[PDB]
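Written out below as structure tokens is the structure these notes cover.
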Amino acid sequence: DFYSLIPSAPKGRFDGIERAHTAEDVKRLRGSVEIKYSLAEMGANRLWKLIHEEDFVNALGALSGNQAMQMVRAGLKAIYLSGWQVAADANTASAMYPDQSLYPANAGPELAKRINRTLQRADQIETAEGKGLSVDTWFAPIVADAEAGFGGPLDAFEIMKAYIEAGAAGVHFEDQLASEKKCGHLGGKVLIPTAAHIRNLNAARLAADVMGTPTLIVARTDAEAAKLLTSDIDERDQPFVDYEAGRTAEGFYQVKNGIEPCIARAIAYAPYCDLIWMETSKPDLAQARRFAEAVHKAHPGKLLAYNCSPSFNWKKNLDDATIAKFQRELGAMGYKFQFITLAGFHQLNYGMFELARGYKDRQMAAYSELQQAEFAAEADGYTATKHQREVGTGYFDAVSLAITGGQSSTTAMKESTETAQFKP
Amino acid sequence: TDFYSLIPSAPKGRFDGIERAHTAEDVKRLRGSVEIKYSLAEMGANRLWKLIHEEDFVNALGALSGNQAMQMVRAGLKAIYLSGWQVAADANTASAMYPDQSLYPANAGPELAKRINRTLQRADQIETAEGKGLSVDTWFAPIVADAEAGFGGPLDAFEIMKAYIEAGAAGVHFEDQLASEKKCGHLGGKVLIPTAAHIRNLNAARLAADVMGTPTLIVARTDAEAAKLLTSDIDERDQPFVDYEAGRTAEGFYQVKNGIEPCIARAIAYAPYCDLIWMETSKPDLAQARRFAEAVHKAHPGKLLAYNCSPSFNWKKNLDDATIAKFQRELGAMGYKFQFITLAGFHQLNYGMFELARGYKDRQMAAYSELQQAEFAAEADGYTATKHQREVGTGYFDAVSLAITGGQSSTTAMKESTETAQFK
Amino acid sequence: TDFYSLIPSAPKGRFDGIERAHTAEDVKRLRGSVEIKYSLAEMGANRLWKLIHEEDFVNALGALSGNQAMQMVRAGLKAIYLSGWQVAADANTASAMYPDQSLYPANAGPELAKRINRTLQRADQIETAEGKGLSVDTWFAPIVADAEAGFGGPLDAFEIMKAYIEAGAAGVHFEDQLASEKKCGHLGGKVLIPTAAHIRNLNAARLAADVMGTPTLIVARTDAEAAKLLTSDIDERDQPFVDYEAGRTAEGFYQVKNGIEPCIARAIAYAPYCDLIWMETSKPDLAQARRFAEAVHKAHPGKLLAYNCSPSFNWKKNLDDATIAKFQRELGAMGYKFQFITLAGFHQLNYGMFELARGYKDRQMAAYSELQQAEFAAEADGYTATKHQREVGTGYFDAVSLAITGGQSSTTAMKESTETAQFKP
Amino acid sequence: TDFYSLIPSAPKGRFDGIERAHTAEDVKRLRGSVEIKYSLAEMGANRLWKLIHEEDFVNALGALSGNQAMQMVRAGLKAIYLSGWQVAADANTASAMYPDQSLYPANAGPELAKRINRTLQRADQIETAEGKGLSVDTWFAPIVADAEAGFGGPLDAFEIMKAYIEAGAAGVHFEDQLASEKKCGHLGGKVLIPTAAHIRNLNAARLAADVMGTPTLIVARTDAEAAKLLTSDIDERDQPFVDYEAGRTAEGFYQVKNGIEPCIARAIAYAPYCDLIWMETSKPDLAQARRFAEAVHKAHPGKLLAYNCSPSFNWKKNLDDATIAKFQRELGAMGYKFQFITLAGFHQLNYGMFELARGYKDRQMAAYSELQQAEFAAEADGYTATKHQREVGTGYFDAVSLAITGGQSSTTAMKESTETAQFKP
Ligand SMILES: */C=C(/CC(=O)O)C(=O)O
Ligand SMILES: */C=C(/CC(=O)O)C(=O)O
Ligand SMILES: */C=C(/CC(=O)O)C(=O)O
Ligand SMILES: */C=C(/CC(=O)O)C(=O)O
Ligand SMILES: [Mg+2]
Ligand SMILES: [Mg+2]
Ligand SMILES: [Mg+2]
Ligand SMILES: [Mg+2]
């Protein structure tokens with residue numbers, strides 16, 4: 001069966017999960033040798049534990065390894081990897097793009113590798129200091145964006161494998177047309193048929209199976225706002241097609257949007273994913289409850305995911321008490337993975353704009369204020385004021401000393417200004 | 001033929017007082033047979049040259065991403081600093097976190113310079129397409145970039161200089177450390193190379209700029225204020241600082257008397273082979289900065305200087321508020337025309353995300369809404385990234401799509417976006 | 001109102017007969033506020049334009065590495081072909097071996113074009129420093145490169161076009177396949193997009209060249225000879241070929257009647273929006289090539305055409321030796337002015353190393369010495385890489401070192417090399 | 001106390017005779033808190049360890065691409081060599097052509113090792129999915145890879161070792177040259193580092209493997225046969241070879257008496273800290289190879305040695321045909337159990353494409369059809385790449401598509417391909 005093919009999968013991991021392929025297909029397609037993907041195994045099993053043990057798992061979108069390291073240091077238990085942020089400031093074309101699948105398909109997995117490598121160094125630093133870790137683990141699970149798979153089922157298969165090699169714990173795929181892909185909160189989205197998205201989800205599961213990892217799959221539907229559909233071939237989509245409207249010049253069908261096609265698609269996708277996610281136009285607890293209840297009528301207890309999107313104007317949509325309870329209330333509905341997709345972008349850009357403005361106005365006064373804020377945050381667990389230790393200078397000092405039997409004349413920390421000027 | 005005919009964009013006087021070990025005919029022999037233009041490198045170098053002569057001083061912050069650089073320019077800063085320390089920490093081509101020891105691959109700095117220029121390019125495209133003029137003097141603020149110790153010998157310095165020119169950097173700095181033992185200026189264990197050996201690296205950088213045909217600026221850095229080791233006493237200019245009583249180390253290094261005296265001697269020896277001179281210092285000391293400038297200007301009147309306002313200093317520990325507030329202005333009057341906070345982008349990024357993540361853990365969406373409200377508040381001072389879809393170019397690419405389709409595209413993004421509906 | 005003023009290096013008449021969906025004011029609006037030069041793209045596009053109008057025909061081989069391209073130029077070929085199939089096989093930015101289905105990341109083709117131009121650049125630097133003139137007309141032979149199906153929609157085609165221009169490509173080809181189901185021209189299971197949709201891709205590529213300011217050539221390819229599937233019948237130009245009795249597939253694809261007739265129709269529709277037209281074919285057939293050329297020229301007299309001399313054909317199975325020998329010459333006379341063997345680099349690389357490895361297993365150094373002697377024997381025909389230290393620039397970087405050091409370096413490489421000692425004539 | 005528990009896949013006796021500067025507690029302190037497996041590195045190192053103790057000798061060729069490595073394995077070679085010279089020439093992460101002087105970025109060699117393993121993985125997937133067993137003993141032939149002079153100091157050697165292990169290399173070689181003046185072994189101007197300094201690099205590499213938990217092989221290389229310069233005389237083991245009367249060069253280098261004697265002394269000093277020892281030589285000379293082996297074996301009986309069968313030698317100028325034919329066999333009996341032609345991939349690629357391009361210029365499709373017919377004729381000896389669609393995995397991805405769709409995909413590629421139609425047996 002499939003548990004034999006995925007040895008690290010915990011008991012019950014695939015309860016309720018259907019597959020288009022067989023276990024014999026997996027053995028036929030996985031090659032003749034066992035290659036381990038340790039960070040993917042550990043991350044997927046830790047993510048599986050967390051979303052079932054916590055009241056909910058909340059995360060922020062990280063655009064760099066350092067951002068992810070501070071998220072874990074502050075006590076967050078998972079990391080979100082946003083394709084929007086990859087497009088904006090962290091992709092393999094070295095360009096700034098809007099969120100339209102314009103960057104090359106390897107960019108997401110390359111960012112996941114960067115994040116895991118930073119977490120790996122943070123763990124090496126603390127392990128070498130010999131006083132225990134300052135966190136439960138540095139290897140918080142990464143839930144990562146595979147957009148619409150960058151093409152067809154074989155493209156979804158490849159990006160899933162790439163994320164697994166990079167050490168991602170879960171990967172999400174959405175029912176948009178890859179050639180017209182959009183941020184969930186932009187106009188002009190085009191859906192693919194329900195069956196076509198199920199093929200991408202099955203492609204992602206086959207990839208995890210042939211890699212031997214229990215990687216989580218998140219199915220996302222964009223049907224709340226999308227008014228276009230590539231094809232009406234699937235009888236499940238036809239009730240929503242406005243036939244009197246005719247097709248667009250591109251050949252797209254026009255559909256009725258809203259929660260109703262999201263519920264239908266979510267229920268159809270449920271056997272083929274581990275969590276379900278519906279993009280929404282507004283942060284709306286009542287709408288979130290309606291979606292959860294409808295999904296759970298067909299699929300009791302199904303795990304759900306919710307994008308707490310910065311594309312919403314929060315204090316305009318909601319009062320303060322609702323903002324404060326929002327994630328707790330979603331958690332009780334069954335949204336066990338909640339994430340702020342663009343948080344890293346907004347933090348990075350705001351923080352540097354304000355520092356640069358203060359620097360232009362007051363020069364070193366502005367920077368000393370940041371440094372003093374850093375000092376004040378050390379009581380709350382912040383450590384990066386001592387930047388030489390933070391990036392591993394002490395760790396590599398210890399590597400050098402082990403190589404040289406203690407005798408190297410060129411170690412870094414002893415006579416550093418960090419040691420001299422940042423003493424506790 | 002002289003060097004001005006080989007570098008067509010060089011302004012009058014660009015090379016006054018500059019000496020070269022090679023000839024103009026060497027440059028013709030070594031540059032290939034076809035003219036290749038490096039437009040951004042030309043523009044940046046000439047803008048940097050004008051700025052450092054006309055401004056009281058040019059101050060910059062170290063940027064670790066294109067978005068950080070974009071906000072620096074938007075806030076009104078006139079130049080961008082590219083720190084090799086930050087490349088090592090969070091932005092290199094080995095996708096690892098490193099201490100500042102030249103551990104990452106030699107292409108990483110130039111790759112980051114290219115990312116920065118690409119983000120600025122898109123920022124300029126967005127505003128140009130909107131048709132209301134630029135909100136900045138120029139988006140292409142000159143980049144002064146870190147080439148460390150050249151990543152080997154003179155040929156390696158030659159190659160990294162060319163790579164930075166291709167990436168569009170305006171100025172590049174090289175230091176007199178041993179590449180195999182390179183350190184951050186404020187770490188211990190630095191090893192100097194002979195004065196003559198660093199002059200070879202600087203000549204290699206100048207030959208690279210000459211054969212690329214660009215008036216790229218060269219900054220010569222000396223680490224002799226703190227370095228206590230030297231690879232070889234072969235150069236008679238270094239022998240007066242060698243502690244021959246101490247004998248050599250187990251690795252064969254000579255021990256040297258460090259401090260401002262060997263910095264002054266090396267700076268005066270380097271001066272004809274660079275455009276700015278930089279001495280790393282252990283403390284932010286205006287009296288020491290004045291003594292260095294006065295000594296250099298005795299031998300080379302009017303020589304432009306650079307100064308590292310390093311986060312490796314504990315600023316309030318060394319200086320009172322009045323001295324911090326006047327620090328850069330007083331340095332500028334001494335001749336320090338380029339001043340930069342090397343690790344500013346690292347500290348801003350890590351502090352900001354630690355504090356957001358900590359608040360998010362404790363209070364979930366209340367913490368994010370506080371950030372969003374701060375962003376809205378900053379718009380009166382020029383911040384724009386709250387509208388993140390515009391910021392990354394969604395409106396620009398909407399305009400591209402409309403030009404392609406003669407106006408008939410059914411799938412543009414901004415019109416029905418939540419940004420348009422919720423961020424007025 | 002003039003595009004020539006937006007493209008300073010375009011020669012007189014470059015855009016005769018070329019239509020654009022966008023205006024010159026659109027270009028000015030979308031190109032940013034500063035002029036960035038793309039010198040190798042300018043030089044290559046203009047050299048390619050001259051070549052295809054002055055030579056009887058320009059033939060090329062698919063190069064999968066800079067070294068392959070260098071030897072092509074050294075041997076006297078005037079252009080270089082960059083194959084996406086070979087990128088997928090052995091030279092892509094996912095570091096994987098892929099079949100030809102647009103599975104690799106969209107930057108891989110431009111990155112290979114940059115590698116090729118960098119190798120040619122070093123070859124030119126070596127000979128320029130030696131001071132005895134070049135051994136070729138130019139090292140910077142124009143590169144015609146594969147943008148497959150644009151890797152998505154028109155904006156993706158726009159982006160890969162810009163990337164190829166930055167990398168210094170001279171011409172770029174785009175095909176009317178669905179990128180999510182893209183195939184090699186000679187595989188089954190190809191899915192066409194509507195005629196109008198491919199015209200949008202071609203216009204996006206022209207807009208990219210325009211905003212970059214370069215007269216880069218655009219090649220339009222149709223896969224309609226063999227493709228039996230089509231995403232949508234929305235375009236009335238495609239409806240005459242839709243098999244409505246067969247119905248749609250489970251994916252919703254329309255089934256179409258493939259062959260020469262839809263190729264001719266699509267080619268004539270694409271012609272105002274490209275510089276060369278190319279139809280993939282199932283066999284190397286001179287008669288079919290003439291029929292396609294004649295039909296296109298009935299609508300667009302003198303239109304430049306391109307032809308894939310594909311290794312996916314079994315050549316001696318299809319043709320006798322006399323027809324093989326005259327094949328490219330006859331095509332050139334019909335108007336096929338750019339002809340290319342797509343997978344030549346793959347077959348040369350894999351055949352050559354299989355045979356060397358087999359001989360090495362059998363006979364060890366005897367097999368390698370046979371290669372080295374063959375290299376020596378080819379020097380009379382212009383081969384130089386036997387002296388591999390010179391070939392990769394060791395002498396050039398010696399000259400760099402000597403200019404840096406005033407002539408007095410203890411660590412120059414060539415003087416005491418075994419190359420200088422053992423490879424003298 | 002024990003290193004075998006830290007390296008779980010290490011076979012019994014793997015570290016016999018091996019000394020370490022560091023302790024087992026150092027490894028535990030420096031390796032992080034989680035077990036990460038490096039499966040290809042384990043399998044390759046253990047297979048290479050087996051091969052060099054069971055074969056008469058293991059011979060290899062330098063591969064510059066995954067496709068080259070795939071054909072080496074298909075032809076029956078049992079290991080793959082990865083040359084930094086070839087990385088510099090045509091396969092590095094700066095996308096430039098370089099002479100062999102450590103000019104490219106330090107990640108380039110490991111990136112090529114990853115490419116090679118990925119191609120081999122696809123080859124194995126193809127044959128596994130076809131269900132008829134493999135056509136080779138294994139597709140995962142061990143890779144022995146070039147780490148040059150470590151790209152800096154001991155910490156740089158530590159990092160490049162880890163990168164090769166992540167990429168799945170089986171063994172890695174490090175040489176006693178100054179990284180800032182690094183040369184190909186057969187160029188002039190080499191500069192040695194002190195004996196103690198190279199031992200520190202070797203120890204850094206072993207610490208890297210220890211913390212990664214892999215039994216990766218380490219090859220120590222000495223360049224003292226031709227190097228006439230030395231950075232420092234601080235090590236008393238080097239002082240007997242320093243020409244003190246000559247003084248230091250202008251750069252501060254000591255001048256040394258080169259030849260076999262400093263190679264023997266350095267090799268004997270390096271032996272506890274590596275698994276194989278390699279001395280670069282100026283000529284392919286069996287007598288010098290025997291003198292070196294006999295002297296190393298007087299101090300370290302049974303020590304395994306490596307030998308570069310370099311294309312930088314003019315083989316027929318140095319040696320008669322009989323000596324060429326027995327060369328590797330004779331070296332094997334002396335203890336040279338890993339033998340490799342460093343630049344074989346460069347010479348095969350460049351010679352093959354020059355001769356193809358020359359014939360194409362002269363005779364167009366006749367030249368290519370000759371290659372294709374040669375390919376057909378090589379199929380009886382096991383060549384398969386004439387069917388290029390199968391070779392790169394098109395049939396494998398067809399099977400993936402059919403598994404995803406339960407047999408229903410309309411867009412599979414092989415059934416109606418020209419390969420199936422025109423390349424039938
Ligand atoms: C752009 C979306 C996120 C996504 O991944 O679609 C948003 O606005 O949060
Ligand atoms: C590490 C230095 C900067 C540098 O580039 O050396 C510092 O502490 O500012
Ligand atoms: C795979 C084709 C080439 C192409 O680019 O489609 C062939 O067989 O030549
Ligand atoms: C350049 C050498 C090989 C090496 O790796 O040094 C040769 O000529 O074989
Ligand atoms: Mg996304
Ligand atoms: Mg630095
Ligand atoms: Mg192709
Ligand atoms: Mg080498």
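Computed over heavy atoms, backbone and side chain alike; hydrogens, waters and symmetry mates excluded. Atoms within each ligand, like the ligands themselves, are counted from 1 in listed order. A note on names: the letters A, B, ... follow the listed sequences, proteins ahead of strands, and every chain is numbered from 1.
The residue from C:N308, C:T222, C:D223 that alone fulfils the side-chain contact (heavy atoms from CB on, under 4.5 Å) condition with C:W278 is C:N308.
Residues A:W84 and B:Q389 bring a donor and an acceptor atom of their side chains to less than 3.5 Å of each other. Residues D:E375 and C:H347 bring a donor and an acceptor atom of their side chains to less than 3.5 Å of each other. Side-chain atoms of A:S82 and A:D145 form no donor-acceptor pair, as typed in the model, at a separation below 3.5 Å. Using a 3.5 Å distance cut-off with no hydrogens or angles, the side chains of B:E225 and B:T281 do not pair a donor with an acceptor. Side chain to side chain, C:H186 and D:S417 fail the donor-acceptor criterion of an N or O pair below 3.5 Å.
A salt bridge is absent between B:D100 and B:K183: the closest approach of a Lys/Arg side-chain nitrogen to an acidic carboxylate oxygen does not fall below 4.0 angstrom. With respect to A:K189 and A:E279, no salt bridge is recorded, no charged nitrogen being found less than 4.0 Å from a carboxylate O.
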Short N or O contacts of ligand 3 with protein, under 3.5 Å, listed by atom name?
residue	atom	partner	partner atom	Å
ligand 3	5 (O)	C:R221	NH1	3.2
ligand 3	6 (O)	C:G185	N	2.9
ligand 3	6 (O)	C:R221	NH1	2.8
ligand 3	6 (O)	C:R221	NH2	3.1
ligand 3	8 (O)	C:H186	ND1	2.7
ligand 3	8 (O)	C:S310	OG	3.1
ligand 3	8 (O)	C:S312	OG	2.5
ligand 3	9 (O)	C:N308	ND2	3.1
ligand 3	9 (O)	C:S310	OG	2.7
ligand 3	9 (O)	C:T342	OG1	2.7

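Around the Mg ion (ligand 6), protein N, O or S atoms at less than 2.8 Å number 1.
Relative ring orientation between B:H173 and B:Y81 is described as parallel, the plane-to-plane angle staying below 30° on a 0-90° scale split at 30° and 60°.
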